[PDB]
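Q: quick one, what's the 3D model for this:
(chains A, B, C, D, E, F, G and H, ligands or ions: 13)
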Amino acid sequence: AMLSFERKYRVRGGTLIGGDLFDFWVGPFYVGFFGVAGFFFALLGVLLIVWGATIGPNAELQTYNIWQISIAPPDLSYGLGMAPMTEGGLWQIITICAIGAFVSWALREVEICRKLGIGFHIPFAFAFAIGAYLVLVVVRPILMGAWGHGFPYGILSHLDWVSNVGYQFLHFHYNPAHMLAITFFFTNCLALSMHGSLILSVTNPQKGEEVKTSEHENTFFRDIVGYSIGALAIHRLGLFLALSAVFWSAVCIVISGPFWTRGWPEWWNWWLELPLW
Amino acid sequence: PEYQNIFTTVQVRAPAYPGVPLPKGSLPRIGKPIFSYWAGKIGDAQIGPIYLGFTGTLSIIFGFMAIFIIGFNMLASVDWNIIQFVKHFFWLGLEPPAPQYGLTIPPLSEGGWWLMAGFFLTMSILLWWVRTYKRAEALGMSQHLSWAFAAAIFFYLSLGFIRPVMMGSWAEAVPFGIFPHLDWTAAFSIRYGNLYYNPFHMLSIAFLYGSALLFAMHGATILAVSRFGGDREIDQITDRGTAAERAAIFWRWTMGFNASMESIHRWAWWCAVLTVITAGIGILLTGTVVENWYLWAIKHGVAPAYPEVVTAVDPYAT
Amino acid sequence: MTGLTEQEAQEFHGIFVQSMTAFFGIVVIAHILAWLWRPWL
Amino acid sequence: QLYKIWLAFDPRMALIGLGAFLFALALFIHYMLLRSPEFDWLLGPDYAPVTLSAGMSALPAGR
Amino acid sequence: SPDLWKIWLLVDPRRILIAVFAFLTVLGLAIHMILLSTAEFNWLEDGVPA
Amino acid sequence: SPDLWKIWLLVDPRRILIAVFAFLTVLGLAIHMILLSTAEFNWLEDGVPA
Amino acid sequence: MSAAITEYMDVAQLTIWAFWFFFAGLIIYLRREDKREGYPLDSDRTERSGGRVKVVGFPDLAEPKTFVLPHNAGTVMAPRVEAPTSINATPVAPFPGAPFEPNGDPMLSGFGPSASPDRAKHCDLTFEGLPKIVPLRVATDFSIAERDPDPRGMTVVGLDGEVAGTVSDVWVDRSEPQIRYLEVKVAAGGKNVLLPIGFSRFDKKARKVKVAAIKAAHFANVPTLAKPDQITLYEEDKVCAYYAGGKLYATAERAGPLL
Amino acid sequence: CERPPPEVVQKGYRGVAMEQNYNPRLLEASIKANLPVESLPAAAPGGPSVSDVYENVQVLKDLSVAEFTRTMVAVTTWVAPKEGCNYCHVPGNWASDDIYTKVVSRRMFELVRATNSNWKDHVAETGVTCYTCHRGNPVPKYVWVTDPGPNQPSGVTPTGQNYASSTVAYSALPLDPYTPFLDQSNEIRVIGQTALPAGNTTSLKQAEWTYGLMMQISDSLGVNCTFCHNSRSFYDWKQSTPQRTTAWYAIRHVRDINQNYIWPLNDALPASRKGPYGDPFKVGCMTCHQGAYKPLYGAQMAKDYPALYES
Ligand code: BCL
Ligand code: BCL
Ligand SMILES: CC[C@H]1c2cc3[nH]c4c(c3C)C(=O)[C@H](C(=O)OC)c4c3nc(cc4[nH]c(cc(n2)[C@@H]1C)c(C(C)=O)c4C)[C@@H](C)[C@@H]3CCC(=O)OC/C=C(\C)CCC[C@H](C)CCC[C@H](C)CCCC(C)C
Ligand SMILES: CC[C@H]1c2cc3[nH]c4c(c3C)C(=O)[C@H](C(=O)OC)c4c3nc(cc4[nH]c(cc(n2)[C@@H]1C)c(C(C)=O)c4C)[C@@H](C)[C@@H]3CCC(=O)OC/C=C(\C)CCC[C@H](C)CCC[C@H](C)CCCC(C)C
Ligand SMILES: CC(C)=CCC/C(C)=C/CC/C(C)=C/CC/C(C)=C/CC/C(C)=C/CC/C(C)=C\CC/C(C)=C/CC/C(C)=C/CC1=C(C)C(=O)c2ccccc2C1=O
Ligand SMILES: COC(C)(C)C/C=C/C(C)=C/C=C/C(C)=C/C=C/C(C)=C/C=C\C=C(C)\C=C\C=C(C)\C=C\C=C(C)\C=C\CC(C)(C)OC
Ligand code: HEM
Ligand code: HEM
Ligand SMILES: CCCCCCCCCCCCO[C@@H]1O[C@H](CO)[C@@H](O[C@H]2O[C@H](CO)[C@@H](O)[C@H](O)[C@H]2O)[C@H](O)[C@H]1O
Ligand SMILES: [Ca+2]
Ligand SMILES: [Ca+2]
Ligand SMILES: [Fe+3]
Ligand SMILES: [Mg+2]
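A: Residues are numbered from 1 along each chain as shown, chains lettered A, B, ... in the order given. Ligands and ions are numbered 1, 2, ... in the order given. I have put the structure below:
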């Protein structure tokens, strides 16, 4: 079922691949070629994860507990080759399916953008999240030389991976790109709360008042911090902050081990050893 | 390529807007507004004016006192050597009172200065909250920003005041320093058994991740429909244009459901607010009702088990 | 189009080679002396 | 008659596209040789690995 | 100089007074705090008078 | 030089005044702080006079 | 009191469960807010039922909220009943979910990327009640920044490179000072048409405005303004939607697929 | 900035990310800087005994004269190659104890023999040699004294932290973990071993002190925390590695070395071998390890010298 204003937008065409073959909607979803590919990439990957949970690390430890299900990457001894299915090969197949699903999702978004005649900012922004995932499971494992460097597929198990990778550098907070990425993450959250607040407070003002104006919006933050970025620019800023956070997060992890093996605080010794002090 | 609306190609100049008139009796806005060309490239060119009222003045005075105390103690920690101050600046800090002092006021260099900096900074933040409330009230606006700020203040108070009082120890609180407060963050997680297994830490991350996801989604969405005037969201809320329709239709086709031009900002507001709400709750639960988060996770079947390929003989079991 | 005529390109690329070959010449003798100093292969 | 590529691809994009691709490929292959200890020329022509004796091991025990 | 009155044609007295009072206050706080940080001049901990 | 008065025709007299007054104060503060950092030149902790 | 509620239940476990109940209510609230526009849904389920089954999903719709507009422009209800609008298109196949093909010239069909809702036939207003989007010739206090080129006089070029016209005036937003439209003197007819800044790519060196959306010939059919010095919210949507239709309709290859 | 790939050693389950990363070129330089000394040729069997010939031999009594001479040649290369036998001996008089270096080195023989014989839970058949610490220097390069931290104003109590120090691998953690943990026996554990609070009143600040010690341990061995821990549960010995058990004994071994061998030698030692607090140059991790997971990367030198084991 479509929105009450949607029918006049359900136009034929705008596909990247497939033309009229898959150019249709299933319920609310647009399918297209990459809807078919993406759905069955996701369906296979999800089913393989369930199968990976069905056999578990072994029969004794096997669990369907949603927190404890974990599909682990191969051992590092397998290098960049393919591992047996029960020894990390399933993880490698799921990773391929995940890449297939994520990219197909982005390309399906491109076809939707073409149908609606809008900018391609959303698929472009989604590519940053995909790029971060690709860095974690492809770029970094290849730079290190083994698929086993990828994180396991498990709701809690991949937190143990993050924890131990962080402590492979003894104090991960000192990673400079990590510090930059967190600053962008924290600033983005602050900017999002500010933007959500301003729009809501202007369109839902005090009782007995009419809807406010864009003049009120500029004045409000000028009255608080002396500057207003503007109605258009806050969306530029929000996109910039979120994308910079992910870009620098991708940088921080890809330099942690491939381009830096020491403890992260030791990296700052370049500044401490400047001859000025 | 097509205009991506990332940078303003041709900027427009008008007389500086003084701002929407304030209610009678309010103080005038200070600062002669100026235009910055580079600020206008990405956003608005006008800088200023600002409203610096009675509340803002007190917040600034309280805030400077706290900041001056912190920076003075950092300088004292390097024995007044300004060169060594610059070299070690990231490592310097005003450090909380020692564990043996409990909640009592210790001598100045043993936590006394930290308490003053903590109190003065807290007062300035609280006064700044009143300022954000007053600025919205003076413009006839709702108090969404002051609520969201109060949520952030709740987390801030949980870190440095409420949790230390509940543990009865100022030594639990956060040092005033760049690397020192990162050391505190790591030590907090280590001390209380891997904060990754704190479910409210999990929730806070989900909302922090969601804040970036939503602003990337919403920021890209508005820019994608800004060719239809999607940036003018008040217009699209009161008079739904093709920008709001195409924005909603894009997301309905992508993920089967969508928001509205107004409700997306409610999703945004709550996602950011819940980041600090659950962060505060997770901090308040840690060390008070949960000692070891990993062991709490084991008790509740959250922590996965791994095959024992490596193990250590426990020397205490001898 | 880059805002110049056919005639200008002749003389611009005419001595662009001259500036290029002189810079290459300094590079070559630098590598020759570096090799004649300590070989790297 | 091989000009037709220039009737369907702009000279400028291809030349910049070719340069970026060729520079990236050359950087990539140069890095791959540096990746291999056999072709790592940055180690020097008379590079000799350290001799290990008396039960020495370069790496700690693995898994 | 007999004409040292002419600086105020260059700088606003309101601005110059706020800056001077603010700077003198911080300087006064800093010197007092340096002396409190010095064991030989901390008049509150020196134990004098006993 | 006899025409050393010609600098202020190009630089604004107010902005240079704010610059030198702030710079000298920071320089004076920094030099004092550096001397305090030394055991030899800290006049507060040297114990003289006893 | 203590941390242990039962032998197994503890305070942290209670707190996390309490959040899940609040969060469930919050998601229900947010989804209801999402549904203030475009609901009940346009569905075959309603069509075969003769309108007896309104498609709302879960949660159901919220009670209408009130937006009081400034300057007595009126009051709008966020959940509102909207009259069905016919579409200038026909289904390309008779199965559900099939797309529609526009009727007539797709650039003129008002369907697909060229579709737009009918907004109010009133101009967006500044806080002082003046029209917000106006030409530079009536917003006399506004000007182009010195470091940026003046759009006026630049040659407007369509997607094919052919010259479409020249920039006569610049329409600016009087609330947030910025360009929103470029008034183009069409080379063919001479009738002035608006060109949104979002469809204009500036070439500062060449003093050209490149419009990839539509060809030079398509400029003649851009919807025109009733009054020459102002634009209603309805007209703004009509103009922007027309250029957007060119992103899919202007050239045959723009329909796709690539390969 | 380093060039990938590193040499990676997996120590835990796949996907747990318990791995050691080594830059191959940095590892190469470290190995070249930590090469063992070749053992002397074995002494001729039989011959006159130490007790019959030498008067003032109190430790190496069970030796043959050939083996005893071999030991003196060995320790000369290990401790004072640039100074010869006269570094620890009065010239002309072999039996005289009238120089502090002989009194110290006699105690150092006991330190080595006790280590090789009673601390195999740590040194495990590899043992130690005077070279392991001294490396041909009379003063071992990597020693520690009680650190006052940076100079403070006389009225300011030091925090002992918030200062970039190589001792804690350039973090702002408490920069003197040697004194509480490697000389004194302060409790290192800070983590509660129950889900719900049960009386562990350990402060968060004490966790920073343990973190500082582990930063020094990891830097001393050139390893990361996952060499001995699963960081998801630092406390848990079941999820730890066997090297954590060895490190536990090493801490007690270091405490024994400093308390029972170095500290009682303080009066014999000159002022140059003492810190600002007056404590002697003390042994920590990195005195033997010097940035390697095993001293000299596990080179086995002590087995060739019978004088380095208790009778
Ligand atoms: C391992 C054994 C040897 C070695 C084995 C080889 C082998 C085998 C080869 C090289 C080649 C090269 N080696 Mg070598 N090389 C070694 C060590 C080095 C070292 C070093 C200091 O260690 C350096 C600096 C180099 C450098 C080089 C380059 C001179 C050359 C790569 C050409 C290239 O990148 O074109 C790509 C970049 C271009 C710009 C191409 C230009 C053409 C296009 C059409 C121009 C378009 C311009 C347009 C404006 C686009 C501009 C680019 C974009 C704007 C980004 N080698 C080691 C010691 N080396 C290759 C060679 O000889 O190529 C000629 C080659 O086959
Ligand atoms: C360490 C040894 C002594 C000590 C040694 C000294 C020395 C030496 C000095 C002080 C000075 C001061 N000390 Mg003391 N002081 C000590 C302990 C204390 C303690 C305490 C709790 O123990 C306190 C609260 C103080 C407080 C003070 C302040 C009263 C004063 C700094 C004022 C200032 O910074 O103005 C700066 C802020 C401004 C805003 C400056 C503006 C100038 C004024 C306020 C404006 C003009 C007013 C009016 C218009 C004039 C009209 C003129 C005609 C009538 C028209 N001292 C210890 C016991 N102290 C200083 C002083 O006496 O200066 C007055 C000083 O030189
Ligand atoms: C780059 C800035 C931020 C961002 C942006 C962003 N994300 C996006 C988009 C954008 C612009 C979209 O357009 C797209 C979307 O449509 O969102 C609604 C999306 C999206 N971001 C999503 C999630 C997501 N984004 C995240 C992060 C971010 N997204 C960044 C912070 C995270 C984090 C931080 O964890 C998550 C979880 C989805 C809701 C959606 C993309 C949906 C998609 O690709 O659907 C196809 C795939 C499936 C339906 C299932 C695939 C299953 C696999 C085959 C198997 C499982 C593999 C996986 C590796 C398992 C791992 C599990 C463990 C980690 C627990
Ligand atoms: C939804 C949760 C997120 C959030 C929300 C949030 N933060 C907020 C708000 C909200 C809703 C505000 O309304 C408030 C604000 O004003 O935002 C612009 C704020 C704010 N969040 C801030 C910071 C901040 N938020 C953070 C985080 C977050 N904020 C969360 C991620 C962080 C992090 C990640 O660490 C930081 C650092 C501030 C910018 C602001 C609150 C400002 C405040 O309290 O100011 C107090 C003043 C002082 C301590 C200093 C005053 C002293 C001066 C330095 C003296 C010297 C200069 C002087 C001013 C010169 C002029 C003097 C005149 C007299 C002439
Ligand atoms: C033939 C046949 C049967 C084929 C199979 C069917 C096929 C192929 C279907 C294709 C689609 C596919 C592959 C479906 C399978 C996979 C499934 C089920 C996907 C479900 C979709 C999905 C991933 C949902 C996840 C959503 C989640 C959890 C988070 C998203 C982020 C989030 C919280 C969003 C909520 C806020 C919203 C709605 C934001 C969107 C939004 C934003 C950001 C605006 O700025 C904006 C501005 C103005 C108006 C509206 C909006 C608006 O709606
Ligand atoms: C212009 O400024 C000059 C140059 C003069 C001096 C500037 C110095 C500089 C550069 C200082 C820089 C400081 C920096 C970089 C500080 C960084 C601080 C950080 C990162 C802090 C992070 C977290 C800190 C937190 C969360 C602390 C929270 C503390 C709280 C909430 C404490 C509250 C305490 C109270 C309310 C005390 C109560 C006790 C009462 C009874 C008062 O006690 C008596
Ligand atoms: C049997 C072999 C050894 C001999 C002969 C030996 C000899 C000596 C001598 C002569 C000194 C005093 C040097 C001086 O002050 O100038 C000394 C000091 C010291 N030795 Fe050893 N030592 C031996 C083994 C070790 C080992 C295994 C360690 C490490 C555990 C060690 C650590 C130290 C330390 C820390 C000092 C104090 C620093 C100093 O005074 O030089 N030594 N040793
Ligand atoms: C920088 C990375 C490291 C971190 C963050 C770390 C963290 C910790 C923590 C928090 C404890 C206290 C455990 C408790 O409270 O029960 C601890 C103890 C311990 N760590 Fe580490 N550690 C690190 C590196 C190492 C390494 C490399 C080793 C092995 C060489 C090691 C061996 C030990 C041992 C043996 C204990 C127990 C000490 C005792 O009980 O006396 N650690 N570590
Ligand atoms: C995985 C994510 C998506 C990336 C797509 C590419 C996946 C991997 C590419 C396939 C490469 C397969 O290459 C193949 O790998 C296996 C497993 O290491 C190698 O096998 C070799 O190493 C393994 C373990 O390291 C040993 O058990 C085996 O004795 C040895 O022969 C084969 O010698 C090699 O031919
Ligand atoms: Ca006194
Ligand atoms: Ca003195
Ligand atoms: Fe918005
Ligand atoms: Mg600290």
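Q: from memory residue B:173 sits against residue B:118, does it?
A: Yes - the pair residue B:173 and residue B:118 passes the contact test of C-beta atoms under 8 Å, sitting 7.1 Å apart. Quick note: C-beta positions are derived from backbone N, CA and C, even for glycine.
Q: hey, what's in contact with both of the two?
A: Common contacts of residue B:173 and residue B:118 (C-beta atoms under 8 Å, 6 or more residues apart in numbering or on different chains): B:160-161.
Q: which of the residues in stretch G:139-150 are buried?
A: G:139, G:142-145, G:148-149 (16 or more other C-beta atoms under 10 Å in any protein chain shown).
Q: which ones among these are found in strands?
A: G:143-144 (DSSP state E).
Q: could the buried residues of stretch G:139-150 be laid out in a markdown table, adding distance to residue H:107?
A: Formatted as a markdown table, those follow (distance: C-beta to C-beta, whole Å):
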| residue | distance to residue H:107 |
| --- | --- |
| G:139 | 93 |
| G:142 | 90 |
| G:143 | 89 |
| G:144 | 87 |
| G:145 | 82 |
| G:148 | 82 |
| G:149 | 86 |
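Q: of the buried residues of stretch G:139-150, which is the nearest to ligand 3?
A: Comparing those against ligand 3 with C-beta to the nearest ligand atom places residue G:148 closest, at 30.8 Å.
Q: mind listing what residue 276 touches?
A: You didn't say which chain, so I picked chain A. Counting by C-beta under 8 Å, 6+ apart, the residues that residue A:276 touches are B:83, B:87.
Q: hmm, I had chain H in mind actually
A: Taking C-beta under 8 Å, 6+ apart, one finds H:145-146, H:148 in contact with residue H:276.
Q: can we see that at 6 Å?
A: residue H:148 (C-beta atoms under 6 Å, 6 or more residues apart in numbering or on different chains).
Q: tell me how far it lies from chain F.
A: Taking C-beta to the nearest C-beta, to the nearest Å as the measure, residue H:276 falls 13 Å from chain F.
Q: look up the closest residue to the residue of the stretch 101-250 of chain H found nearest ligand 10, ignoring the ones flanking it.
A: Nearest to ligand 10 in the stretch 101-250 of chain H, going by C-beta to the ion, is residue H:155, at a distance of 12.6 Å. Of all residues not flanking residue H:155 in the chain, residue E:39 sits nearest, at 3.8 Å (C-beta to C-beta, 6 or more residues apart in numbering or on different chains).
Q: likewise for residue H:39?
A: Closest to residue H:39 by C-beta to C-beta, 6+ apart is residue H:304, at 3.9 Å.
Q: in which helix or strand does residue A:252 reside?
A: Following DSSP states H and E, one finds residue A:252 within helix A:233-254.
Q: could you check whether stretch A:128-135 is close to chain H?
A: No - for stretch A:128-135, no contact with chain H is found by C-beta under 6 Å from any C-beta of the partner chain; the gap never falls below 13.2 Å.
Q: show me how far that stretch is from its chain's centre.
A: Averaging C-alpha positions (C-alpha atoms, centre = their mean, to the nearest Å) puts stretch A:128-135 6 Å from its chain's average.
Q: same question, stretch A:269-276
A: Relative to its parent chain, stretch A:269-276 has a centroid offset of 36 Å by C-alpha atoms, centre = their mean.
Q: and stretch C:23-31, by the same measure?
A: The answer for stretch C:23-31 is 9 Å, by C-alpha atoms, centre = their mean.
Q: what's around the residue of chain G found nearest ligand 3, how many residues?
A: Proximity of chain G to ligand 3 (C-beta to the nearest ligand atom) peaks at residue G:34, 13.5 Å away. Residue G:34 has 23 neighbours, counted by other C-beta atoms under 10 Å in any protein chain shown.
Q: and the gap between the residue of the stretch 101-250 of chain H closest to ligand 10 and residue H:72?
A: According to C-beta to C-beta, to the nearest Å, residue H:155 stands 54 Å off from residue H:72.
Q: so between the two, which is more surrounded?
A: The neighbour comparison of residue H:155 against residue H:72 (other C-beta under 10 Å) goes to residue H:155, with 23 against 14.
Q: just say helix, strand or coil for that one.
A: Classification of residue H:155 using DSSP: H, G, I helix; E, B strand; the rest coil returns coil.
Q: ok, now which ones touch it?
A: E:37-39, E:42.
Q: between which two of the residues you listed is the distance greatest?
A: E:37 and E:39 (8.5 Å; C-beta to C-beta).
Q: comparing the two, which residue is more hemmed in?
A: Neighbours per residue, other C-beta under 10 Å: of residue E:37 and residue E:39, the larger number sits with residue E:37, 25 against 14.
Q: phi first, then psi, for the more buried one.
A: Dihedral pair for residue E:37: phi -80, psi -10, per degrees, to the nearest 10.
Q: point out the residues in chain G that sit beside chain B.
A: G:3, G:11-12, G:16, G:30, G:33-34, G:36-37, G:67, G:69, G:76, G:116, G:119-120, G:124, G:141-143, G:145, G:147-148, G:151, G:172, G:177-179, G:196, G:198-199, G:201-202, G:212, G:233, G:237, G:240-241.
Q: these in strands, which ones?
A: Under the assignment DSSP E, the residues of chain G next to chain B contribute G:67, G:76, G:143, G:172, G:179, G:196, G:201-202 to strands.
Q: dump the residues you listed into JSON lines; add distance to residue H:174 as well.
A: As requested, these are exported to JSON lines (distance: C-beta to C-beta, whole Å):
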{"residue": "G:67", "distance to residue H:174": "59"}
{"residue": "G:76", "distance to residue H:174": "63"}
{"residue": "G:143", "distance to residue H:174": "61"}
{"residue": "G:172", "distance to residue H:174": "61"}
{"residue": "G:179", "distance to residue H:174": "59"}
{"residue": "G:196", "distance to residue H:174": "62"}
{"residue": "G:201", "distance to residue H:174": "59"}
{"residue": "G:202", "distance to residue H:174": "59"}
